[PDB]
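A.B. asks: Below you'll find the structure I mean.
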Amino acid sequence: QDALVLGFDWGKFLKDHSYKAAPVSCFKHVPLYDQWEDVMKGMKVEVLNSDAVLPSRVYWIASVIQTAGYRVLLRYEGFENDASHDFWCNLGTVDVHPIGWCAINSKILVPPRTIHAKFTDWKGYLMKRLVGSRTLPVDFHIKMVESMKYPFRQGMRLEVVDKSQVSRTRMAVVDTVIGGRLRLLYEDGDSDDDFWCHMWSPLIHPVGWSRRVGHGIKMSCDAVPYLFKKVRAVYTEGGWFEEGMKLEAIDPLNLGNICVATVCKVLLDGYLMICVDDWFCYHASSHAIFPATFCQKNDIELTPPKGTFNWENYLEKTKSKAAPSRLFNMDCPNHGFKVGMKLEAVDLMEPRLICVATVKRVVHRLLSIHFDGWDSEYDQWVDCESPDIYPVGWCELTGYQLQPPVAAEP
Amino acid sequence: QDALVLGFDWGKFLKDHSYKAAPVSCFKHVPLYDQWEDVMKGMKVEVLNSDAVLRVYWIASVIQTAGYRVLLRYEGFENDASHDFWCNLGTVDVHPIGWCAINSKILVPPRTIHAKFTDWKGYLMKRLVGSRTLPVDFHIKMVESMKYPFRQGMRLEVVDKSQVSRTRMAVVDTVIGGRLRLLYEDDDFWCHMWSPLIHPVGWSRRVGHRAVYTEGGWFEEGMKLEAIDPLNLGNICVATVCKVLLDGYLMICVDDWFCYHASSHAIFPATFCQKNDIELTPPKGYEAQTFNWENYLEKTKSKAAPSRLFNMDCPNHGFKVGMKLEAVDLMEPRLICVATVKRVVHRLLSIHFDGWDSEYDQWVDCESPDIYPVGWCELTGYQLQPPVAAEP
């Protein structure tokens, strides 16, 4: 009872408290993403009968009551309105199947002991309930394992942004790969000098990239450039960004702050060095940069420089121009994030941690993420397509540890 | 009074059907676009007083807007809507408050309400506190704006309408609101001066028939994608890259060759249609209903152009399903017709021609220079096609 401390349980959390989880279809980088909301209220599955007596184990049919990311709340067939034995099932587990699997696999359907005496004719009860029903896709689990083969492997070398000096890259080696997240070890430190990120992270690049584009590098098998997420083509009418133009940018050393910034250098391939006004590289397609006045116009606190800030007044004092709004991609796809929705988020200041979190703001494309239990100084601005946010059940699906929603060490 | 057949009236049509017009702010290419933030409900103008005999003026306020047309109520009618009247804002006889005084004209009350008050000036001066009017130079700025840079006798290249893999020498016959009528040198052709179908002299030879910042691979021959069929704009078809020309242009065909720039809003990645619930027209043979890109790529032993190369980014462009506008019939581009926004799919609009079958519908980009606000024809002097299956 007390002795089995397995860590944060979303089921307990979301049973006490009526929360909505952001659905799987919100997150493009994640497994099951395409095969998704094939799942929803009322779908039937064959699942382990857990109130059985005898493994060689037995199965029973259950139906989706509610969804919470990858997790579904199931009710065994025959409980009807009795919610008292509803249980969560993560859809990436091996013991959930389509209707039909037992028969193919020479297994047996046995009612739960709880309700077994409700009917004699269980088989015809089930036939009536199953008419016109839907079930899991065939190959569901197969297709999932297949999408969870990743091209980054232990021992591939690459260039990563230097966490101690964000103006240069440094050499790092892949140590661990789990669900598309990477643990990188830095070639000139270690053993506890690492860096976690997603494999689509804007912070990593194939060896030789920094040199080709003009990014500073600490020091001069190699992950092949094909392995990396390539950036959106940017089309412009008229000129491009230029050294000196002013804008607003998420501070990469404080993701809670969007700041007054400057273009410091135009690199090749649409990459820019920007500084808060220590240089940091964003691609021009980056959702972490915005034109002057974006904060004021959207009800975000703009972090001014050292030290009442007004854009026109600033541009006059500094003898400067704002980057034209035409250069930015500000759009808003109908992403489906809503204020209040729960999810699992990387703590970007300490990215080995993935934590229970909440959407606190949706500002077109930008979410403000709050880590439940923690002060607002820990909140983070991220793009709605960030590879660093995950649905409910992702940590469970990939076997990663999820931090509970309390202010303590892990 | 019934001998006076002036053709299609937007006033009666919007009123009778309770229709709404897409605002001028949806259309970047049009006169008055830059000045449009100044036009809003409650704005005050000096306009001719029509309800008078012996040319005199009166103040009116904006009750409703429809593209360039405002519905006006003469000051002093108050809640009486019986004399509201439409006014196109590109016309000469609508003015900023103070125009009369400057031009030694007189403000005279409409004879319907004239006996409401003795002190009209006191009444007006009260109504006028804290109100807005037109910009001082509103018509000057427009007339300066409609002084077009392509002029008559000017020469360039157009896509061949009977044969789209080829351009064809043409000359500027007429200029009307940015639109050019061209006559081939080598039967006419209309387009906007921002047409992607027109190029400067030499351009055909410069490419082999914007800027672009990218990393890694570009578009490659044999890559598959979806594209609006130039020969049937109501269809978006399975298409193939045929040839990569220079400065970002691409020769495509339906699974003959047609040119699109890589930034074009008329090409999309494979599966765009099914993701967005648009009916994809599949290659002659397939049906869909059932067509499957997964299986088509497998079978044709082909790759899809990657998604990151397409210029897909979508503004709050402000078009909404149901909104009325004036659309060029792009299969017969001399015709500009009453039309409706029938679909908004990110950047892409399906335009429906009121009175015609769904087969005349056309897919166009939200920033297409070939769609115009209600009242644009009236403002430019062009003829509007009415909303009826009939000919001009």
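Using ideal geometry, Cβ is built from the backbone for each residue, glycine included, and neighbour counts are taken over all protein chains shown. Taken together, the values in this text are just the output of simple stated rules run on the coordinates, not laboratory data.
A.B. asks: Give me the residue from region B:285-309 that is surrounded by fewer than 17 Cβ atoms within 10 Å (Cβ to Cβ) and within 14 Å of another protein chain (Cβ to nearest Cβ) and, out of that set, nearest to residue A:228 (Cα to Cα).
C.D. replies: Applying the filter and picking the extreme gives B:307.
A.B. asks: Any idea which of A:208, A:216 is farther than 30 Å from residue A:312 by Cα and more than 14 Å from chain B (Cβ to nearest Cβ)?
C.D. replies: Result: A:216 is the single residue among A:208, A:216 that is farther than 30 Å from residue A:312 by Cα and more than 14 Å from chain B (Cβ to nearest Cβ).
A.B. asks: Spot the failing condition for residue A:335; the list is (1) over 26 Å from residue A:400 (Cβ atoms); (2) within 14 Å of chain B (Cβ to nearest Cβ); (3) touching a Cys at 6+ places or on another chain (Cβ under 7 Å), and only one is missed.
C.D. replies: The one condition residue A:335 does not meet is (1).
A.B. asks: Oh, and also: Restricting attention to region A:209-231, which residues are within 16 Å of residue A:281 (Cβ to Cβ) and buried (at least 19 other Cβ atoms within 10 Å of the Cβ)?
C.D. replies: Within region A:209-231, A:209, A:210, A:215, A:228, A:231 qualify.
A.B. asks: Give the residues of region A:238-250 that are under 28 Å from residue B:265 (Cβ atoms) and either within 11 Å of chain B (Cβ to nearest Cβ) or part of a loop (DSSP other than H, G, I, E, B) (or both), sorted by residue number.
C.D. replies: A:238, A:239, A:240, A:241, A:242, A:245 - these are the residues of region A:238-250 that are under 28 Å from residue B:265 (Cβ atoms) and either within 11 Å of chain B (Cβ to nearest Cβ) or part of a loop (DSSP other than H, G, I, E, B) (or both).
A.B. asks: Moving on to the next point. Determine whether residue A:235 is part of a strand (DSSP E or B) and within 14 Å of chain B (Cβ to nearest Cβ).
C.D. replies: yes
A.B. asks: Identify all residues within region A:263-306 that are hydroxyl-bearing (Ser, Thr, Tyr), in a loop (DSSP other than H, G, I, E, B) and in contact with a helix residue (DSSP H, G or I) (Cβ under 8 Å, 6 or more places away or on another chain); write none if there are none. Can you show your working first?
C.D. replies: Just the residues of region A:263-306 that are hydroxyl-bearing (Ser, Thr, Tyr), to begin with: A:271, A:282, A:285-286, A:293, A:303.
So of that shortlist, the ones also in a loop (DSSP other than H, G, I, E, B) come out as A:285-286, A:293.
Of everything in region A:263-306, just one residue is hydroxyl-bearing (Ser, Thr, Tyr), in a loop (DSSP other than H, G, I, E, B) and in contact with a helix residue (DSSP H, G or I) (Cβ under 8 Å, 6 or more places away or on another chain), namely A:293.
A.B. asks: OK, next. If residue A:266 satisfies all but one of (1) surrounded by fewer than 20 Cβ atoms within 10 Å (Cβ to Cβ); (2) more than 16 Å from residue B:213 (Cα to Cα); (3) more than 24 Å from the chain's Cα centre (by Cα), what's the number of the condition it fails?
C.D. replies: (2)
A.B. asks: A follow-up question, please. Which of the residues that make up region B:310-338 are buried (at least 17 other Cβ atoms within 10 Å of the Cβ) and basic (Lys, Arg)?
C.D. replies: B:324
A.B. asks: Would you check if residue B:184 is within 14 Å of chain A (Cβ to nearest Cβ) and among the hydroxyl-bearing types (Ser, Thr, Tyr)?
C.D. replies: The answer is no for residue B:184.
A.B. asks: If a residue must be under 20 Å from residue B:382 (Cα atoms) and either out of contact with any helix residue (DSSP H, G or I) (no Cβ under 8 Å at 6 or more places or on another chain) or not aromatic (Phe, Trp, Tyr) (or both), how many such residues does region B:1-21 contain?
C.D. replies: Summing the residues that are under 20 Å from residue B:382 (Cα atoms) and either out of contact with any helix residue (DSSP H, G or I) (no Cβ under 8 Å at 6 or more places or on another chain) or not aromatic (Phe, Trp, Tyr) (or both) in region B:1-21 gives 11.
A.B. asks: A further question follows. Could you list, in sequence order, the residues of region B:175-198 that are surrounded by fewer than 19 Cβ atoms within 10 Å (Cβ to Cβ) and outside any loop (DSSP other than H, G, I, E, B)?
C.D. replies: B:175, B:176, B:181, B:183, B:184
A.B. asks: Among what's in region A:214-228 and is assigned to a loop (DSSP other than H, G, I, E, B) and touching a strand residue (DSSP E or B) at 6+ places or on another chain (Cβ under 9 Å), pick the residue that is farthest from residue A:167 (Cα to Cα).
C.D. replies: By that ranking, first place goes to A:221.
For (1) under 24 Å from residue A:356 (Cβ atoms); (2) surrounded by fewer than 15 Cβ atoms within 10 Å (Cβ to Cβ), each residue gets a yes or a no:
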{"site": "A:5", "(1), (2)": "yes, yes"}
{"site": "A:8", "(1), (2)": "yes, no"}
{"site": "A:17", "(1), (2)": "yes, yes"}
{"site": "A:23", "(1), (2)": "yes, no"}
{"site": "A:38", "(1), (2)": "no, yes"}
{"site": "A:44", "(1), (2)": "no, no"}
{"site": "A:49", "(1), (2)": "no, no"}
{"site": "A:52", "(1), (2)": "no, no"}
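A.B. asks: Return the residue satisfying two criteria in turn: it lies in region B:310-332 and is closer than 26 Å to residue B:164 by Cβ and more than 13 Å from the chain's Cα centre (by Cα), and of such residues it is nearest to the other protein chains (Cβ to nearest Cβ).
C.D. replies: For region B:310-332, the residue satisfying everything is B:311.
Conditions tested, residue by residue: (1) touching a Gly at 6+ places or on another chain (Cβ under 6 Å); (2) within 23 Å of residue B:327 (Cα to Cα).
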position	(1), (2)
B:152	no, no
B:165	no, no
B:175	no, yes
B:181	no, yes
B:192	yes, yes
B:218	no, no
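A.B. asks: Still on this structure, please answer the following. Looking at this structure, is residue A:123 among the basic types (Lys, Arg) and surrounded by 15 or more Cβ atoms within 10 Å (Cβ to Cβ)?
C.D. replies: It is false that residue A:123 is among the basic types (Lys, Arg) and surrounded by 15 or more Cβ atoms within 10 Å (Cβ to Cβ).
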